[PDB]
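Chemist: This is the structure, below, for whatever I ask next.
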Amino acid sequence: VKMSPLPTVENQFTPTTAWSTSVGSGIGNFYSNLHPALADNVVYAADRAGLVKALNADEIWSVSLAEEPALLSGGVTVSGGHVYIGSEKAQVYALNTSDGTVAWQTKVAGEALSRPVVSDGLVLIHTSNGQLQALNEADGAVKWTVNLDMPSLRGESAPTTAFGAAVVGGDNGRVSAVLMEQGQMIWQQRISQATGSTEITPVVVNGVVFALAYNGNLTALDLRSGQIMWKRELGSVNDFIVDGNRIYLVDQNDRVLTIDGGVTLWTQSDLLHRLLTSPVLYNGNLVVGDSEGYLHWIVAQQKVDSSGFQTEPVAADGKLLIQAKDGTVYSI
Amino acid sequence: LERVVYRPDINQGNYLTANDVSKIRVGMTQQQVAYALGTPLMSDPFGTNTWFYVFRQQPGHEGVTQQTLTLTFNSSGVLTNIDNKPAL
Amino acid sequence: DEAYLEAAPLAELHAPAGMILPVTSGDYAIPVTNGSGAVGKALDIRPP
Amino acid sequence: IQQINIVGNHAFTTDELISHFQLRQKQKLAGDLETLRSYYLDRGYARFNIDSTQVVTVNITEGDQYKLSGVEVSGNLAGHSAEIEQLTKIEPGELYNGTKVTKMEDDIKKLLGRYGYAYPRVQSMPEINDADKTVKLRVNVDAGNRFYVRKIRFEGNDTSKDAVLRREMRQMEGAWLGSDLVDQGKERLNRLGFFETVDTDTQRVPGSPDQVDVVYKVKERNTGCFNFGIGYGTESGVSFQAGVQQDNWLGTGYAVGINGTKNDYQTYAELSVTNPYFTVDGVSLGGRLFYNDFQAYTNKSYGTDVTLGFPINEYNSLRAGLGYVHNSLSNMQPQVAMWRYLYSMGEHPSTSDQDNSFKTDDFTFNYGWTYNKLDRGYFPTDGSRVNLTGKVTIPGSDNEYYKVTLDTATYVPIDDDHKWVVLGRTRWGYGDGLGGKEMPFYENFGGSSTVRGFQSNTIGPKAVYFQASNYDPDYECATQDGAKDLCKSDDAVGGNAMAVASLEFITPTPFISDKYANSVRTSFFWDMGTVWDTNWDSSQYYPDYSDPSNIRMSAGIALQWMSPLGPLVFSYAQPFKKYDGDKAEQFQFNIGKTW
Amino acid sequence: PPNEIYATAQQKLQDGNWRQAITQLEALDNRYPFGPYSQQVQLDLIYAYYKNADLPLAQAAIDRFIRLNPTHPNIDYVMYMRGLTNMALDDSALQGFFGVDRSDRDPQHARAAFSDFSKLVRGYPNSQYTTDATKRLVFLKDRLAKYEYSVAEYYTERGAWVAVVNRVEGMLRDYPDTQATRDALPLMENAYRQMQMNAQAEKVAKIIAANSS
Amino acid sequence: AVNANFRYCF
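Protein chains in written order, with PDB author numbering: chain B, 30 to 87, 91 to 99, 107 to 190, 193 to 241, 250 to 305, 308 to 349, 357 to 390; chain E, 23 to 110; chain C, 38 to 85; chain A, 177 to 200, 215 to 245, 256 to 496, 504 to 652, 655 to 675, 678 to 684, 687 to 754, 757 to 810; chain D, 31 to 243; chain P, 1291 to 1300.
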C-alpha cells in the first residue's frame, strides 16, 4: 500500500560508470547479507551459490566451494593474509589473500548470517543460534564461545571491537561488551523496549558507542559501561556511518546530525520507500543508492542498473564499487 | 437341510476355568466366592439362598456343550454345599 | 382416551405353599385409591 | 513460504525431511517435528531429539541408530503367554522402531479383549543401553478383571421395532463382553441402510465391578416415498401413473413395492414383497407379480417369480427362485434382425408382412450369489460388491435359453478421512440358446446406469426395413409403396453380448458443505462399453454386428447428494468416441435411488 | 383490551380455527408480555400446543410456568396435562391408521410419563383426575410390561436362555400385577427346562398351579 | 389440462 517517488538530478558527479563485470546470478529472493570486499587492486566477491572470486581492475582467481549450494551468507571478511566467509550450514571457510585456495573450514554451531569480524588475531562469528565464537585466526579451532539469550530475524548484527573488547547484541534489545581475551562479559545495557513484533550493528568512537534498535531507537552510550549518553527514536535496521560529527543513516521510511544529542541537523524526505542502501562518503560527497538503480550524490543522480541495491555499498582508497541484486558489479 | 445355513456362535452363562473352580471350598464366605469367581448371573429369587453358575456354549455348525455348578449357602452367607455337572 | 377403559385389572400372582414370591420392587407404587375426581369423557380442559 | 534450513542433520539431506513438511503456519510446526521424530524414531535413533527452532531453521542433535536387545514381559497375565510372546518376539539385532512398540502394546490391549478383559492396563518401559546402542523393552501387563454384559437396550426407535435391531448384534446378553465384537453392530446397522447415524456407549454397572451395559444410539432415516399422478384433459384423455415404495414398511422389516400406470398405448402393474428374515436366523423370502402391455403393434406379457435365499457366512449369501412369464405379440413390424431368429425358432410368417403373431408361456429358474463387504449404505468408501445372477429355462418351456449377468463394483479410499476414493464399476452380460435355438429378441441389453454419453438404449446393432404396412404417411423402406431394398435404420435393438466398464474419482465438496449440512460428493468419471450380436451372419452383409471391439466412450462430472425426498443425482457427460448410429446425450438427471 | 380479546380467541379455540386463535394469542402476548393474566395465558398456550400437536412447546411452556410459579395452586393439573403430552409423544397418528401396535419401540417416553403421573398423583392425592391418572398408570404399566415381554420372546427364539431368565425375573420384581408376566411364566418354565435345572421348573410349575385359572 | 400429483414420504 506504499509507493516511492522518483526524483531526478543531473549526473554531474561521476556522470557515468567506470567499468562493470558480472559475478554470479544475483541475490535472488534471499535476505542474507552479502557484499564485496576491497583490497589493493583486488575485489573479493561471491554469490550465494558459492562462486567465490578474486578479481583485478577490469577475474584473476576463483573457486567454488559448493557441491547442493554452499548457501553462503554474511559477506566476506578480509584481514591481513586471510579471508573468511561463513554459511548457513554452520561452516566458516578460511582462505588466504595471495592464494584463495581454502586453507581450512570449521563448524561454528549455527548459521553464519552475521558479518565475520577479524580483530586482535581473533575471529568473531555471530550465529543465528545466539552463540558467538572466538576462533583462532590461524586454524579452524575455537578458543572460546559465549551464548546470549534469545527466543524473528533481528539482523544478526556483527560485533564492533575496541580497546580489547567486542560490542555485541541481539533481539533482547541489549548491547554488551565482552573481553577479547576470553568469553567474559564486561557489561550490558538495553537500548529500547518493545512488547512484541507489533512494537519491535554497533558503531564505536573514542569513548562512545552508538546503537540503533529495530524500532528506530538510536542511542549513544558510554563506551565503557551500560550508560546511555543520549537517545533519539529515529532510524532503521540498515548500516550507518559516523564521521565529521555527522551520523548518516537510513530511517524507517527511508527518510534522512551530531553525536552530542538526539538532533538531526539535515534531513531528506524524497527517497521514501525506495529501499535505500546504507549511505557512503565517497571522495568528498555523500551517495545513497536505491532499488531502482539510482545513485544520489549530496547534488547529482545517475541510473546504472534498475534491478536494485539492497546490499551494502563498498568504497575504499578513492574507488567506489557497488554490486546490484544481480551478479553485475559496477565500479567508479 | 438347514445344517448348511451359517449361524453365529452362541454363548450363555459365566466363563469357567478349572484353575478357578478348583479354588472354591466349603467354608468360604460369599464375599470370598464372589471375589474368586465374579458376580453370579443366575440365582433363585424365591427365598432360597443359592447361586447357580452355568457355562454353555454352542459354536456355529456345532452342537452344544454345558457345564454347571450349584452352590448352597446358609442364612449366614457361608457356603454349606456345592455340586458340579461337568456335562449334561 | 379410551385406553384407560381397556386397561386390565391389577390381578397379581400368589405364592404356592412352601415358597415366596420375588421381593416387591419399591418402584411403580400405586397411590391411595381414594377414587376422587372425574373419569374419562367427564374430564375437559381445566379453567384457570 | 521461505527457505527451510535444518542444522545438525548429517545422515540425510534436506529434501529427505522436507518432503514430509506441509510448507512446500507456526501452530502446526510441531506436527512436522513429531513427524521428524518418527522419521528418526522409527529408524533406531533412540536419542533423536528436537533441540530448538527459529523463524525457518530447525536445530537438532543427531544420535546413533539403536537396535533392539530384547523384550521382557511382566504383569498380571492370566495365561495366553504364548500369544503374548507372539506379540513380543522380534528378530535379534533388528532396528528399534517406536511405532512397532506402540503397535505391540495396542495389539496386547486388543488381544485380551476377546477373553473378557475389557480394560487391561499395559505400560511399556523401554530401557536405553548406551554401552551397546540398544533398547530393551519391559512391559507391565495387568490383565484386569472380567466383565459381563447385563442388559442391552436401544434408544431413539420411534418406528422400527426392537425385534429388528436385536437381530443384528453379535454380542448377546448373558455372556462376557468381547469389546471388539460389539462394534460389528455398527457395520450391521450401516449395511441395513435404516439409520442416519449409529454409535455406541460401553458403560459400567454401578452395582458391581463385573457388569457392563452396552447402549446403541441411532437416528432413523426416511425409508421411502409414495408418488401419484394423472395427466388428464378434455383433449388429452386419461394418463395414470402411481405407486408406493418402502424399504422398511412402517418399520416392520419388509420391503414393499407397488407400481403401475395406464394409458392409451401401454399398461404396467407390478407388486413385490420380500422379508429379509423369514426364519429367526436370517432366511429370506420374497417375490413379485407383474403385468404389462403395449398397443401400437400389440404386445402383452405378464408373469411372476418367488425367490428364497440365505447367508452362507458372515460376508456372503446365496439366493435362488422360480418363476415364469407369458409373452404374446401380434401385428409386429417385420424385421430380419428378428426373422433370422424367429424362423430359426421355427416361425414361418410371411416375409416383411406386419400381420403376424407369436406367443409362448415360458417357465424358468433363476439364481444368484452375492459378496458384500461395503462399509456404508449410501456413500461407500471401502469394500466391494459382487452380484452374479442368471437364469436357465425349465424344460417344457417354449423358449429354451440361459443368460448370466455380472455386476461388480469396488471402493478403495485414498486419504485417511476417505474424502477421496477410487471407484470402479463393471458390467458383463452373456448368454445363449438351448436346443439349437437362439436367444430371445427381448433379452438385449445406453443410459444413466451405463455409458453416460449416449441416449438410453441406443448402443448396439440397428434394425432394417423391407410386404405391407397400412399407415399412410412414414418410412418408405417399411412398405411396398416406397421400399426398394434392404435399408439401414437408427432403431436400436441391443444384443446378446455386453461388456461395459467405468471408473470414478470421488472427491469431497467442501465448497458445498460450507453451505449445506447434508452428505454430498462429486466425482470425475470415464465410461465406455459395447454390445454385440454373437453368431450374426456378417457374410450376407454394412457394419459387422459380431465385432466386440466397437467400444464407445464418454466422460464427465457426476454429483451425488441426498435430499428429504430421497436421493437424487445428476451428471453431465461429454461423449468423445462414437460409431455410426450415434445418439448422444450429456445431461443425465434422475432419481438418486441407485447404488 | 386484550382481556376482552382473549375471551374471543377462547371461543375460537372452543369452536373455531386453532391456528388463527394461536396467531391472535401470540399477537396479544407480544403486545403485553407481562399482562395480569399471563399465568392464564400460559394455560391457553399449553392447551393450544396440545390441540395443535406442538407438544415440545407445551412442555417448554409448562416447565417455564413451573419455574415462574412453582407453587401455583393448579400447577399439578398443568403437569398432568404434561404427562398426557408425554403419552401422546409415545404414539404416532400415522401408525394409528392401520391399528399398528407400537409397543416394541423406544419406551423412554412411557417411563417418563409414568414418573410424572406418579409424582403428581402422590403430590396431590386430592386431584380431580385421581381415578383417571390411576387408570392411566395401569395402562402404562401394561405398556412397559409388554415391552419387556416382547423383548424376552425375541431372545427366546435365539436361545439366550440366561438373558431370558434374568429379564423375566425383572418383570416379576417390577411388574407383578399384569398379564404379560403371567404369560411369561410358562416361558420362563421352558427356559429353565432347556437346562438341567428341573428343580426350578418344578417351582415354576407350582407357581402356575397356585395361579392357574 | 391438469397434471395433478402429490408426494408422501415414509
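Note that CB positions come from ideal geometry on N, CA and C, so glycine has one too.
What number of angstroms, rounded off, separates the C-alpha of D159/B from the C-alpha of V253/B?
Modeler: 16 Å
Chemist: Determine the chain E residues that contact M225/D at a beta-carbon separation under 8 Å, and present them in chain order.
Modeler: In chain order, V76, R78, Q88, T90 make up the part of chain E whose C-beta sits under 8 Å from the C-beta of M225/D.
Chemist: Identify each residue in the region 58 to 76 of chain C for which the Cβ-Cβ distance to at least one residue of chain E is less than 9 Å, and report them in chain order.
Modeler: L58, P59, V60
Chemist: How about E49/C: is its C-beta nearer than 8 Å to some C-beta of chain D?
Modeler: yes
Chemist: Taking just the CA atoms, how far does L58/C sit from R197/D?
Modeler: 16 Å
Chemist: For chain H, find out if any of its Cβ atoms is closer than 8 Å to the Cβ of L450/A; answer yes or no.
Modeler: Annotation note: the requested chain H is absent from the structure, which comprises protein chains B, E, C, A, D and P.
Chemist: Which residues of chain P have a Cβ atom closer than 8 Å to the Cβ of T423/A, listed in chain order?
Modeler: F1300
Chemist: So which residues of chain C does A240/D contact, with C-beta pairs closer than 9 Å?
Modeler: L50, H51, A52, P53, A54
Chemist: Which residues in chain B have a C-beta closer than 9 Å to the C-beta of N239/A? List them in chain order.
Modeler: Neighbours of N239/A on chain B: none; closest Cβ ~15 Å, over 9 Å.
Chemist: Determine whether the beta carbon atoms of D639/A and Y618/A lie at a separation below 8 Å.
Modeler: no
Chemist: Just by C-beta distance, which residues in the region 30 to 56 of chain E are closer than 9 Å to chain A?
Modeler: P30, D31, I32, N33, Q34, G35, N36, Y37, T39, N41, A56
Chemist: Which residues of chain D have a Cβ atom closer than 7 Å to the Cβ of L110/E, listed in chain order?
Modeler: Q226
Chemist: Tell me, which residues are paired with residue 246/A by DSSP?
Modeler: A gap in chain A, from 245 straight to 256, means residue 246/A has no coordinates in the model shown.
Chemist: Pick helix, strand or coil for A40/C, following the three-state DSSP scheme.
Modeler: helix
Chemist: Taking just the CA atoms, how far does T250/B sit from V131/B?
Modeler: 20 Å
Chemist: I'd like to know whether the C-beta of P67/E is nearer than 8 Å to at least one C-beta of chain D.
Modeler: yes
Chemist: Taking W143/B as the reference, give the member of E176/B, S274/B, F204/B, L152/B with the closest Cα.
Modeler: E176/B
Chemist: Give me the chain D residues within the contact set of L63/E, using Cβ-Cβ distance strictly less than 8 Å, ordered along the chain.
Modeler: Contacts between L63/E and chain D, judged by CB atoms closer than 8 Å, involve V192, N196 in chain order.
Chemist: Between the C-alpha atoms of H186/A and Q229/B, what's the straight-line distance to the nearest angstrom?
Modeler: 37 Å
Chemist: Just to confirm, is the Cβ distance from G113/B to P65/B under 8 Å?
Modeler: Taking 8 Å as the Cβ cut-off, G113/B and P65/B do not qualify as a contacting pair.
Chemist: Does any C-beta atom of chain E lie closer than 8 Å to the C-beta of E199/D?
Modeler: yes
Chemist: What's the gap between the Cα of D212/B and the Cα of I328/A?
Modeler: 39 Å
Chemist: Under 9 Å, CB to CB, which of the residues in the region 471 to 487 of chain A have a partner in chain D?
Modeler: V480, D481
Chemist: Keeping to the same chain, check which residues put their C-beta closer than 8 Å to that of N666/A; ignore five residues upstream and five downstream.
Modeler: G655, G656, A705, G707
Chemist: Which full runs of the beta strand (DSSP E) of 3+ residues lie inside the region 367 to 427 of chain A, going along the chain?
Modeler: With a minimum length of 3 residues, the continuous beta strand (DSSP E) runs that stay inside the region 367 to 427 of chain A are 395 to 404, 411 to 420.
Chemist: Looking at the C-beta of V27/E, does it have a partner C-beta in chain A at a distance below 8 Å?
Modeler: Chain A contact via Cβ: present.
Chemist: Which ranges would you report for the alpha helix (DSSP H) in the region 687 to 753 of chain A if only whole runs of at least 4 residues count?
Modeler: Secondary structure in the region 687 to 753 of chain A: the alpha helix (DSSP H) runs of 4 residues or longer, each lying completely within the stretch, are 723 to 726 in chain order.
Chemist: Under three-state DSSP, which class holds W810/A?
Modeler: It is coil, neither helix nor strand.
Chemist: Identify, in the order they occur along the chain, each residue of the same chain with its Cβ nearer than 6 Å to the Cβ of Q664/A, setting aside the five sequence neighbours on each side.
Modeler: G655, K798, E800
Chemist: Taking beta-carbon pairs under 8 Å, can you tell me which members of the region 121 to 140 of chain D lie near chain C?
Modeler: none
Chemist: Please look up how many angstroms separate the CB atoms of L91/E and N106/E, rounded, as I've assumed it's under 8 Å.
Modeler: Contact between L91/E and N106/E is confirmed by a C-beta separation of about 5 Å, below the 8 Å threshold.
Chemist: Report the three-state DSSP secondary structure of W48/D (helix, strand or coil).
Modeler: helix
Chemist: Helix, strand or coil for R83/C? Go by DSSP, reduced to three states.
Modeler: coil
Chemist: Please decide whether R166/D counts as near chain A, where near means a Cβ-Cβ distance under 8 Å.
Modeler: no
Chemist: Answer yes or no: does any C-beta atom of chain P fall closer than 8 Å to that of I284/A?
Modeler: no
Chemist: Which partner residues of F517/A appear in the DSSP bridge assignment?
Modeler: The partner list for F517/A (beta bridge, DSSP) reads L525/A.
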